[PDB]
Amino acid sequence: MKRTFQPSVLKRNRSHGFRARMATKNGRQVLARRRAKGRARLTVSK
Amino acid sequence: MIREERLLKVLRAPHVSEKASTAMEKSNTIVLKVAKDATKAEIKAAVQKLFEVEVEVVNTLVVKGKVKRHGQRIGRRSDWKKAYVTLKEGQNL
Amino acid sequence: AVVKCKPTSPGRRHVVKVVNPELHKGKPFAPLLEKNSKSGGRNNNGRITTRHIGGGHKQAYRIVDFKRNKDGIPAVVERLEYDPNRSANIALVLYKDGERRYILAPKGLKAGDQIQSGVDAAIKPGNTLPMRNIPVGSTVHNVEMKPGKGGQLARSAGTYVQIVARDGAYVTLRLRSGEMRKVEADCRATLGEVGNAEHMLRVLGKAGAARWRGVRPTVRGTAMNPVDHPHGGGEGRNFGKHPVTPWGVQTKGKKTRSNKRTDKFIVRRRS
RNA sequence: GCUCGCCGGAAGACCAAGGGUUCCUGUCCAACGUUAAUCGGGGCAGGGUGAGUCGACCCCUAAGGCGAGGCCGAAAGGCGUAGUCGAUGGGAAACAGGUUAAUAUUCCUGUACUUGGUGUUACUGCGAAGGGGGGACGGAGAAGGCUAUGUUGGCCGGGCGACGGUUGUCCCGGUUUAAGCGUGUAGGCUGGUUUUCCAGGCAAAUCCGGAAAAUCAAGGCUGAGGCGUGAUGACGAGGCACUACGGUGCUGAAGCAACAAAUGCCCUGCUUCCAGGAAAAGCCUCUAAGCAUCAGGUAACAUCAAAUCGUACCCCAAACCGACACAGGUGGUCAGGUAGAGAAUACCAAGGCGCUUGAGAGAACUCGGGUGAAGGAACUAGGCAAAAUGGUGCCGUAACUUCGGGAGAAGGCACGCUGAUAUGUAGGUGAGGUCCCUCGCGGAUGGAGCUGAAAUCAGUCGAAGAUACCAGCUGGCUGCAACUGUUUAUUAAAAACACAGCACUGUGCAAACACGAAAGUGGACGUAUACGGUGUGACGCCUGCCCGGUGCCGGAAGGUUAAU
RNA sequence: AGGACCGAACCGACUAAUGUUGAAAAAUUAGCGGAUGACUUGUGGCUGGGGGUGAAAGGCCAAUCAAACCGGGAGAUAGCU
């Protein structure tokens, strides 16, 4: 059956990637919480 | 021209294997590990000027590093670059 | 020429076509075409603002000359063409100085026919000229509402506007609505009536024909749940309410004009 | 290794996405593998991915994103012009053969092609975020010409055969060759050329558009395939010499023709139909500012450059998405034989597999199937399930009907094999020869050869000739819904939703209406034959009475009536 | 010609049986509907929570939907267990 995760790298990055978190106020606050929690990978880039 | 300070840092090791060996003893090509940011003009110039031979053409691939592990600790090795340096008819090394 | 299709396969049983042998079978004139991307009924916020729109055939826009600015230069009608963006047909015309333009095609106008815009134009169908020079009681289409702006009244097929008065700087116009409106008399207008009247006689025949003009289905309000439409719910068919829009405003009677700026120009509302 | 079975429009082959070393070799069997394991997609180590031509990057753009200024907004921020990004689309160029354990249009051999830089030489008006062309583009249908590919004959090499026969109307195998370059064909489109003039293409224009003449009747554009060359080369069934028996080298015959034939190519064509079918760059042209014995343009030759990243391997799957080595999901490409209308179906080729627990026994019972005396719905909520029907041709076919249907109504008959008509016909294709020449990829004649239905007559076999697989059960009365469609992903597919059609009502354009603190945007580059809302729901005959209540529309006299 | 007819791919999901600590958190097998269209599909884009989208089922919005998920107010409150 066709499950929910149908992967695509270009949609992974355009959607949840770094240049797209940095592109706005609230994604920068996301990166700030991931750095402050102290996190090995911030976004999902590769 | 390429400066000689750049041109010394490019070639890194001769690559020893059996594909390399049959490339030397069968098709004049010496195979050698180069700098990761080394272009084909740099490798050609560096073999022209550091082994004093005449290079016909260079072919460069980039080899991806293998994820090994020690114990239960993984790690990728490291990517390197391998240059197939096709020499002319007059060569030794 | 309207044609009833023979009833092979339902779906064709009720279709009436409006065929026109004088339309150009071929490609339109290219440098008066441009891209017309379809929207889906959705504004710059992405949201559906006008419902029921979407799909349909790909269409190219045709720059139709509504202004009719080339004054005094005659133009022969080169051909007539199908325009997908309108109810009427468009005539491709060729001015004497070698410029082609598309105009709305009036009623009698065929290929090889002289039209002429401007003040000293002859009064005959196809000639755009200001309404201080048109006689009272003449059918007139493609009417401007502000001088220099372009035609906006009576553009849809088979539609005309009658000039009934010339009191001063204004002409009283019986719009196709039935409404009497004052327009400034310097506004150009094209003589005759616009010419595909039989457009209204076609009957479409099946559901997919509506679909291919870009008209998605209309779910009626009473078939929904109360969360969706004010008509909603009820254990079999159940109306019981005064009929409203999906936003609660009364349909079936309730007047929704509020302008106050253009009420000066309305002599009598429609009836 | 020999047999046996399974897939073969896939369970073969090649990719994209996705994964990321799973690829290949050596080595180990702890754990992982639903068992054992010497094996493995497991552990450990080593190896492996070679590009001017493939793809990305790059040039150009769609939807859409972002957006200097800007308009807007308590702030955050919204929208958006110039612009700038964004492929799933447009834009230069390589093919055959060989090779590795593992890469190959990348390496090697042979033969090519493309775009830029620079230099020389000959001629020369060049020049844009500007003008024009072009790129540039729908659905369906129909043939015609081809090819891939296949079949048969010829040729060449080999065999004459475990059991009757098999020197022949016999058996097995091979019969392959590309890009590029040259020619220009079956088609398809368009009249061509010269001169003058002009309110158009923001300016200019020799370009485009337009208006006059004059002359010629042809020119041009495009185009599959074939043919020639590439190629006296490669490949080639097989033999020969050594053989770490794994193979390794050497040598190597024929290498043709006929017919059939695509869903591929001519074809972005042609015919037709409404529902009227991207953009921008490369490309070709025109000039403006400027530069004008310079620069630049064109042509030939030479020379240099073409960087960077991807390239392993799986990819309908044990490697991706499904927690699993999961009976599920996953886009594109190639598509052989026989029978067949066919990409169905049966059996097969190439190729790949036998599904990572086995050995027995042959109880009840469960699951998947086969058959069944007589009866034949008696079962049951209900013919649920099963059984039955099932092909092609011809005959024949009712009520009712919107005249289309109903209709494949219903119901029948024929069907294999052999021989003759006819040492294979009708038809298709069509050589050599002959005739003419505007002479060749020509047309006329001619029929050799190949292919080849279908029908009749005669005979013969079986219980049965649509023999397997595949492949309608039919009829009568009636409710609802007109019809095709849509819907409760995962107990409801329906009479419900939709629908064409009808009506009412709003809406005069800065439209009503909707999203939006606003700007703005959709409505719509539309304009009342249009658009929005509401109900009803093809079609036919129709749609009666009630305005007291609630709503809406209209009226303005009087009563009451806020801020002030 | 056709929201035409029969029928594979392709899309679907009408019936039955199995399965129901499944091979599978919705499938398999045998039949079944559509199959040139209101079709189907790939790649990208857009719409967002009292909001979207809806041929309307209160369906769908990441195995979640009469108001998603995450985090916080937050140790809500619980005359109840």
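Our structure is the block above this text.
A few points on the structure. Sequence order as written determines residue numbers, which begin from 1 on each chain and need not coincide with the entry numbering; residues that lack coordinates are not included. All chains are assigned letters beginning at A, and all ligands numbers beginning at 1, according to the order in which they are written. Note that the displayed chains come from a larger assembly and that each value is computed for the displayed part only. Hydrogen atoms and water are omitted, and side-chain values are computed over all heavy atoms in the structure.

A separate point is the protein's contact with RNA strand E. Note on definitions. A residue lies near a molecule or strand when any single heavy atom of the residue is within 4 Å of it. Surveying the vicinity of RNA strand E reveals 29 residues, the closest of which are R3 of chain A together with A207, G208, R216 and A223 of chain C. Each atom of RNA strand E within 4 Å of the protein was assigned to sugar, phosphate or base; sugar and phosphate come to 60%. For RNA strand E, a base nitrogen lies 2.9 Å from a polar atom in the side chain of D228 of chain C. Breaking the surface near RNA strand E down by element, the ones donating at least two residues are α1 (9-16) of chain A together with α1 (207-211) of chain C. Taken together, the residues of the surface near RNA strand E sort by class into 11 nonpolar, 9 polar and 9 charged. Identification of polar contacts relies on pairs of N or O atoms within 3.5 Å, with a donor-acceptor requirement for protein atoms, meaning one able to donate a hydrogen and the other able to accept it, and with residues adjacent in sequence counted only if both atoms are side-chain atoms. Segments assigned H or I by DSSP are reported as helices when at least four residues long, segments assigned E as strands when at least two residues long, and all are numbered from the N terminus. All residues other than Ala, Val, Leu, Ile, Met, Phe, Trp, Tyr, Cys, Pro, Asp, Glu, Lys and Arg, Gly among them, are scored as polar; the first ten of these are nonpolar and the last four charged.

Right, let's get into the sheet that holds strand β8 (residues 114-116) of chain C. The strands making up a sheet associate through backbone hydrogen bonding, with each pair oriented either parallel or antiparallel. All names here are of chain C. When DSSP finds two or more bridges between a pair of strands, those strands are recorded as paired. If you trace the 4 strands from one edge of the open sheet to the other, you get β7-β6-β5-β8, paired in antiparallel fashion. Of all the strands in the sheet, the pair left with one neighbour each is β7 (100-104) and β8. Direction aside, neighbouring strands of the sheet carry axes that sit 45° apart on average. Sheet topology places strand β6 (residues 90-95) next to β7; 5 bridges connect them, and they run antiparallel. Bridge assignment links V93 to a residue of β7, and that residue is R101. In this analysis an axis means a line fitted to C-alpha atoms, helices contributing only their contacting stretch, and an angle means the value between N-to-C directions, from 0 to 180 degrees.

Attention now moves to the packing of aromatic side chains. Centres within 6.5 Å make a pair out of two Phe, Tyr or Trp rings, where for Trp the six-membered ring is used; the pair is then stacked when the planes are under 30 degrees apart, edge-to-face when over 60, and tilted otherwise. Scanning all chains against the criterion turns up 1 aromatic pair over all chains. Note on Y170 of chain C and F265 of chain C: the rings are 6.5 Å apart at their centroids and 40° apart in plane angle, and the pair reads as tilted. Placement of the pair is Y170 of chain C in strand β14 (residues 170-174) and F265 of chain C in the loop between α1 and β17 (266-268), with a sequence separation of 95 residues. We note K33 of chain B situated over the ring of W80 of chain B; from NZ or CZ to the ring centre the distance is 4.4 Å. Criterion for a charge above a ring: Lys NZ or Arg CZ within 6 Å of the ring centre, and within 35 degrees of the ring normal. Above the face of the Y95 of chain C ring, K70 of chain C is positioned so that its terminal group lies 5.4 Å from the ring centre.

Turning our attention to the side chain of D83 of chain C. Residues and elements named next belong to chain C. Take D83: it is sitting in the loop between β5 (74-81) and β6. Residue classification places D83 among the buried residues on the basis of a relative accessible area of 2%. Polar contacts involving the side chain of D83 include one to the side chain of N85, which spans 3.4 Å. Within polar-contact distance, the side chain of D83 engages the side chain of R86 at 2.5 Å. A simple rule labels every residue: compare its accessible area, found with a 1.4 Å probe on the protein chains alone, to the largest value its type can have, and call it buried under 20%, exposed over 50%, or partly exposed in between.

Our next topic: helix α3 (residues 40-50) of chain B. One turn of the α-helix equals 3.6 residues, which is why residues spaced by three or four share an orientation. The set of residues buried in α3 of chain B consists of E42, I43, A45, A46 and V47 of chain B. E52 of chain B occupies a position one or two residues after α3 of chain B and carries a positive phi of about 40°.

This next bit is on the arrangement of the chains. By the convention used here, residues are in contact when the closest approach between their heavy atoms is within 4.5 Å. Where chain A comes nearest to chain B, the C-alpha atoms are still 14 Å apart, and the two do not contact one another. The two units chain A and chain C remain apart, with a minimum C-alpha distance of 18 Å.

All right, on to the environment of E52 of chain B then. Among the structural elements, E52 of chain B can be located in the loop between α3 and β3 (55-63). The sequence separation of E52 of chain B and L93 of chain B amounts to 41 residues, and the corresponding C-alpha distance is 8.9 Å.

Below, the discussion takes up the sheet that holds β17 of chain C. All names here are of chain C. The 7 strands are arranged β9-β16-β10-β13-β14-β15-β17 in an open sheet whose pairing can be described as antiparallel. With one partner strand each, in any of the chains shown, β9 (128-130) and β17 form the two edges of the open sheet. For this sheet the average axis-to-axis angle between neighbouring strands, irrespective of direction, equals 45°. For strand β15 (residues 180-184) and β17, the ladder comprises 2 bridges, and the chain directions are antiparallel. Its bridge partner lying in β17, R181 is registered against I266.

Moving on, we come to the pattern of salt bridges. Residue and element names in this part refer to chain C. The salt bridge criterion pairs a side-chain nitrogen of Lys or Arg with a carboxyl oxygen of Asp or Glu, the two atoms within 4 Å. Applying the stated criterion to the full structure yields 16 salt bridges over all chains. Between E78 and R79 there is a salt bridge; the shortest N-O distance is 3.4 Å. Under the relative-accessibility criterion, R79 is labelled buried at 17%. Here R257 ties to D263 by a salt bridge, and the two come within 2.2 Å at their closest N and O atoms. A relative accessible area of 35% places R257 in the partly exposed class. Residue class for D263 comes out partly exposed when judged on its relative accessible area of 38%. Among the charged side chains, a salt-bridge network with shared partners connects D65, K70, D97, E99 and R101.

Geometric values such as these leave the question of function open.
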